[PDB]
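Worksheet: the structure to be examined is printed underneath.
By convention in this document, chain letters (A, B, ...) are assigned in the order of the sequence lines, proteins followed by strands, and residues within each chain are numbered from 1. Both backbone and side-chain heavy atoms feed into the values below; hydrogens, waters and symmetry mates do not.
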Amino acid sequence: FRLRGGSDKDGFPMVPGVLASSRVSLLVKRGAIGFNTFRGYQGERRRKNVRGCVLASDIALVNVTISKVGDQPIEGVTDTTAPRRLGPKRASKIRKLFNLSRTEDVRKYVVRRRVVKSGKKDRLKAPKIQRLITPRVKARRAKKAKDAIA
Amino acid sequence: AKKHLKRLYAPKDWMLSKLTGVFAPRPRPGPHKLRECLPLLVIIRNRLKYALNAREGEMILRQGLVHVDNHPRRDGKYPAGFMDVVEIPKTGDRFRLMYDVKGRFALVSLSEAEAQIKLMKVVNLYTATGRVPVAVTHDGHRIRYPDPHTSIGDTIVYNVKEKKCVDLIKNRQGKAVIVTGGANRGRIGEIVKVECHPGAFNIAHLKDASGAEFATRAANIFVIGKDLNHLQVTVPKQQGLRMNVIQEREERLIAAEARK
Amino acid sequence: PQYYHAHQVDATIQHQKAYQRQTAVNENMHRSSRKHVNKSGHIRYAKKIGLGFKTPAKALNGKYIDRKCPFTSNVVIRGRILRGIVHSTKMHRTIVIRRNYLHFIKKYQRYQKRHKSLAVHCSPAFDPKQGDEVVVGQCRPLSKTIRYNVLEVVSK
Amino acid sequence: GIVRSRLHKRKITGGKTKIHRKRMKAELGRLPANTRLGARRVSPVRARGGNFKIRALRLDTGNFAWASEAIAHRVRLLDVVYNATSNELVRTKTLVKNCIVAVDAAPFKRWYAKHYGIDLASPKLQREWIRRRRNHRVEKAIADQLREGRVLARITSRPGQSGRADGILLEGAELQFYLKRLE
RNA sequence: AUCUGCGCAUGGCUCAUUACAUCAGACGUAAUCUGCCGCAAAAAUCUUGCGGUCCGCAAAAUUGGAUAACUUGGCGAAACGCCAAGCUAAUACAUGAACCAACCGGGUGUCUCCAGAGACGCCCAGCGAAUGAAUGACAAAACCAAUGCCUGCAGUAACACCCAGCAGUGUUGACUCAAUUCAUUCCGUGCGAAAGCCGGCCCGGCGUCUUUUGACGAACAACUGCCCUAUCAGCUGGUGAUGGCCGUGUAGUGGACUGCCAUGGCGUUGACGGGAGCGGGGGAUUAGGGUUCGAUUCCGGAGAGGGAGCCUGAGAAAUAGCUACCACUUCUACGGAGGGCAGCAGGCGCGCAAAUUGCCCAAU
Ligand SMILES: NC[C@@H]1O[C@H](O[C@H]2[C@@H](O)[C@H](O[C@@H]3[C@@H](O)[C@H](N)C[C@H](N)[C@H]3O[C@H]3O[C@H](CO)[C@@H](O)[C@H](O)[C@H]3N)O[C@@H]2CO)[C@H](N)[C@@H](O)[C@@H]1O
Ligand SMILES: [Mg+2]
Ligand SMILES: [Mg+2]
Ligand SMILES: [Mg+2]
Ligand SMILES: [Mg+2]
Ligand SMILES: [Mg+2]
Ligand SMILES: [Mg+2]
């Protein structure tokens, strides 16, 4: 198991690095382990009580991810799999997914994702796929070289 | 960073009444000074009655329908000031911002040929990178290769469509100016004598068409032609001639009685 | 023939634990141009300030090294030009001028002697005694109190 | 923080100034750099306008100019020799503006052999050396310490402001000024 | 819904502070920063594709990794509190454009020439920044060497061809500035053609780096002015008081600040200390001279419970931002978590003394 998260009996996170068994008081920046980036303004260093990374008896939750699988399968985590929700949207990142050629078109290899509603003439939702350079974009980009020298 | 004007601290030439709201449209930085411009919301609403309020006034401007110097201005707070040319293609009217002889802004109607050129006064000269000598203008223009006889006090005729400085008017004794500041603002006169006084303000002595002598600072004078007959631009209906306050008071009573 | 024989140290001006030099021009040019060299010998920076003030005989042909000086530095004279009388010269290279004026009282229809004292930086081009009338020109701050700088001295 | 105002200074009358505002950010000063000799470590400082002012800590090299020859060479600082402010800044070997340092002198000798052709023979085709060298001569006090190995020099840049240790070589009466104060 | 881009530094309140301060009229910034906005500028960068192992042939450069929202599992009494994993964008972040495609310059090795000239080769040559140097003007003949046209000197921009006039000429009252030339090198703390978005039937609207200046500003400096008090006559200076020299720090000037030296500076023309309290525009009364009031709408200054200290940004020493202490203070499941009406309505006090916990963005 990779121990990589945690909380207390009070909801306070276990920040990785501080090497204590207590709750300590840090002036955490925004986007750090104790203070989210939407709660505050742009400078905004807010002082929070966070808990140490050294594990102890006063812990209500440890987050672990498996790095190696042992013997017994009897658990709902390793017996099943759930699909990735979204296929790729970038044009060159969806070209590597299906190992396509350079000349090959990317609009045919987009994921379908049917949406079905009872009595609604059900429908498909496909991404508007980004960074796909049409010949209309190629003429637009080769004009900026012409008019910068002109 | 101020962002508001109070309508009392607004300039008096805009003629916004003090009882209609606390605020006036603070003109953005741009070509003209805040004290010395008329922003496009006041022209479209208060001068011309094309708009009854500021909400009808941005239906005109944000749609791209008012052109200040051949370019559409979608800002109600764009500073339009002296010698600017305001076109409107739909209503087919084009105007020039001039000062009338009482000092206020006046919209002089134009033709199509007179609406292409504007007259601009050099404010600074310097050399830019390269060895290109550019000329800084009261309207904020930076003409890159002006006429080599350009000095600071001069006037460049510009032709805003084809952005080519077609002419130059030097600032000398024999020229005619318009006064754009002070008590004498809006008056037109020949130049008589320019008193230098280095380190301080140049004083320029001026004589009018009638012969009225008056002086200003030479940073206030704006040369507009070779003489008072050969003016390069058309001027408002008094043509820089300031009548007496008694004689102009008599004429309005005579005109009002003769009208009934 | 390879050796150059540069100038010896002028100990009359060199007193001050760092070498006293002018930042504007280099003293050590071998074939220095006629731009900044004065009449007799050495390289010197001298400047013409604005308002019809003639630079003295020193600051062109002197030997002294002055910063903060209007004729031989980057100090520019601008703004106000005033006059005062010299009060005390006890400070080093700085005088205090005295500006005496009459203040009219609108109530009692009578004037009133007042004065303002100004600390003024005085160049070694000038040696004003007490009571001498000077002309001062405004410059940047040069100390806690020095804003003006002497341009001309009118003796006695 | 550190301020640069006259609110704490006494009046010229000796009176105390009674303070009726807080400190402004527009009047701040910052802690000094104290640039020393060492391998280069700099920390930028976010100045007004968003401009960056590069603190120099621990500088060892800079572009030093030989002004009679109107050239510069990137050389390595060896020691800090004399400082006009204090002798204590020499001992801790602080780099400030106008402090006297010794530099490498090897690119200057190599340039003086490549230009003027004088060492301290190979291009027989180009003797534009002879087109120079006749009018020009070199000060003896330069040529002594140039072949001795290290040249005394003067720092002409502000390192805590710019993060550079540029300089000029001492010549003329200025070299003869500082040679007397050392020895 | 969330990333992203701007804004929240304005407006609004209040007048506690405050007398070489603020403020007014008038100047200065050549001592400096300056987003948005206006007119402009822009020739740096050996990148892609395919094949072979570093080269070849090509060209509308079809670039790369990560996060939100979301899902899953949730912790916590709560909190404008939080964790871990799994997805996925860009005008977020990072990377990166050869040739088309210039002129101009410096340093330098072989090769055809003549008794120094050309061709070729190599290193370097962009805007901005640092340091150094050079510009940034000026106010009669004789002889020898190199060199200029003449067939000894008539007459003459300058320059060994490519361009026979492709800067011999920036601005100011004044500059060590504007700009240019060359020397060295900028190591992230700069420079994309957003590797961008629409629209019309190639072209047109936008959107963005850098660079530069006008504009709207900011910050500093101080010419003249200012209620009462001597039952306040000396004030300042070791620990900066007045000045000077190197620096430092700043956005910049500067005792602003370190080191060192000097012995100054202010005052009976009222310093210094104490009391009253924002400063003007202005109001009340006034024959004239005046005597008073100005918390209050406009301008400026200051403050956000007192006092600090910061982050972020072009701009804050910000308070419907953060951190801390002091004085009060609210919720708690006792583990903890929060408060800041001199915004508008209101509330309690305090007093002689001052309103609606209202409707709306229709106008400004
Ligand atoms: N008087 C103001 C200036 O203070 C300077 O010196 C001051 C400092 O040495 C020192 O001031 C310290 C300060 O350094 C430190 N960073 C913070 C501390 N609060 C200050 O202390 C000062 O202030 C507090 C409160 O008023 C007093 O309690 C304290 O006794 C006083 N010494 O004490 C001196 C003031 O008494 C210089 N002497 C001079 O520039 C000038 O005197
Ligand atoms: Mg955002
Ligand atoms: Mg009063
Ligand atoms: Mg200094
Ligand atoms: Mg106010
Ligand atoms: Mg307290
Ligand atoms: Mg209230």
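- Checking E:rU176, E:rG225, E:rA133 against every side-chain atom of D:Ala70, the shortest atom distance belongs to E:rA133.
- Taking only side-chain nitrogens and oxygens, B:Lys6 never comes nearer than 4.0 Å to OP1 or OP2 of E:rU297.
- If you measure from atom NZ of C:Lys90 to atom P of E:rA241, you get 22 Å, rounded to the nearest angstrom.
- For E:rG11, neither phosphate oxygen OP1 nor OP2 lies less than 4.0 angstrom from any side-chain nitrogen or oxygen of B:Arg26.
- Judged by the sign of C1'-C2'-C3'-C4', E:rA9 carries a south-puckered sugar.
- Pairing check for E:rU356 against E:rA85: the Watson-Crick or wobble criterion is not satisfied at the 3.5 Å limit.
- Close to E:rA85, at under 4.0 Å from its OP1 or OP2, lies no side-chain N or O of A:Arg85.
- Using the Watson-Crick or G-U wobble rule with both distances under 3.5 Å, E:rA141 pairs with nothing in any strand shown.
- Closest-nucleotide positions on RNA chain E for D:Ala72 and C:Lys68 were compared, and the one nearer the 5' end corresponds to D:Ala72.
- For E:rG81 with E:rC75, the Watson-Crick or G-U wobble criterion holds, each of the two distances under 3.5 Å.
- Here E:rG243 counts as north. Its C1'-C2'-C3'-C4' torsion is positive.
- Considering only side-chain N and O atoms, A:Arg39 lies under 4.0 angstrom from the phosphate OP1 or OP2 of E:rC82.
- Sugar puckers are classed by the sign of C1'-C2'-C3'-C4'; that of E:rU239 comes out south, on the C2'-endo side.
- Here E:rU180 has a north sugar; its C1'-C2'-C3'-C4' angle has a plus sign.
- In this model, the phosphate group of E:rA215 is approached by a side-chain N or O of B:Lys33 to a distance below 4.0 Å at OP1 or OP2.
- Adjacent in the strand, E:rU296 and E:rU297 do not form a stacked pair, their six-membered rings missing the 5.5 Å centre or the 30 degree orientation threshold.
- Close to E:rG196, at under 4.0 Å from its OP1 or OP2, lies a side-chain N or O of A:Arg141.
- When distances are taken from the side chain of B:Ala1 to each of E:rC245, E:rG315, E:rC272, the shortest belongs to E:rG315.
- Minimum atom distance to the side chain of A:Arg47 is reached by E:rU323, of the listed E:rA129, E:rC87, E:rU323.
- The NE2 atom of D:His20 sits 8.5 Å away from the CG atom of D:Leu7 when rounded to the nearest 0.5 Å.
- For A:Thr37, no side-chain nitrogen or oxygen approaches OP1 or OP2 of E:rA68 to under 4.0 Å.
- A cation-pi contact, defined as under 6.0 Å to the ring centre and within 45° of the axis, is absent between B:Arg26 and B:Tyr78.
- A close approach under 4.0 Å does occur between a side-chain nitrogen or oxygen of A:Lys93 and OP1 or OP2 of E:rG65.
- Rounded to an integer number of Å, the gap from CH2 of D:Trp111 to P of E:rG132 is 17 Å.
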